[PDB]
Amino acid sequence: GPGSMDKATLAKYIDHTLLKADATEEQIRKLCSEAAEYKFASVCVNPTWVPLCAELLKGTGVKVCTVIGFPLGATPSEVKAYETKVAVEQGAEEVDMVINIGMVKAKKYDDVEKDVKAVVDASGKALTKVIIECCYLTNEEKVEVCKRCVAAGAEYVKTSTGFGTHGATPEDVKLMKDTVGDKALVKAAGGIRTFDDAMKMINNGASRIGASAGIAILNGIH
């Protein structure tokens, strides 16, 4: 049988992340080196660092993931689409966009779907994840946003940016996964620091984990 969670298996959940505004070339290179050694699913970096990461990770099995309209989501759809086009051109294999929360609060859900669809269209062969930023949403809004992401064709819905008031909760992961079922996957991100934290998210339906602490998580397996 598959037995207990192990290093090889858990590593493939991890998007090894560095998104601080003042991140340096040296830190980005170290992130890539770490991800290649630990065989993480991806690195997740801001769009400026995409082509460097793509070069460094060619052949390693580690994907380049980036963030779109991040972390506020408060820019026009055409701008999110353009940033997506450029990121994929430059080597991004996954893009994680932030929703327009103003549209959600206005109940303009057809516009939310169109905003996601603009990024989905621009992504091409790259996978699209949509950050719904749970900390600012009601449960009704979480559910309806997830439905619109599936309708727009996004492969993933994602809990949080890590920059808001709070990040992933197991309850949110479960609500999101119950909403999308097998039609989309769930990424839990923000405040995930330990092996036990990661497992709680995975046990509630997460197929991917966004973290800066991937090393600590992988090395805490027992």
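The first residue of the sequence shown is number 1, and the count goes up from there.
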Open item on the list: Can you tell me whether 173 to 181 has a higher mean C-alpha B factor than 48 to 56 in this record, or the other way round?
Closed with: 173 to 181
- [ ] Name the residue from 139, 77, 90, 84 with the greatest C-alpha temperature factor listed in the entry.
- [x] 139
Open item on the list: Per the entry's values, where does residue 20 land by CA temperature factor relative to the rest of its chain, in the lowest, middle or highest third?
Closed with: middle
Open item on the list: How does the C-alpha B factor of residue 11 compare with the rest of the chain: lowest, middle or highest third?
Closed with: highest
Open item on the list: What third of the chain does residue 154 rank in for C-alpha temperature factor, lowest, middle or highest?
Closed with: highest
TODO: Sorting the chain's modelled residues by C-alpha B-factor, tell me whether residue 221 ends up in the lowest, middle or highest third.
DONE: lowest
- [ ] Among all modelled residues of this chain, ranked by Cα B factor, put residue 119 in the bottom, middle or top third, i.e. lowest, middle or highest.
- [x] lowest
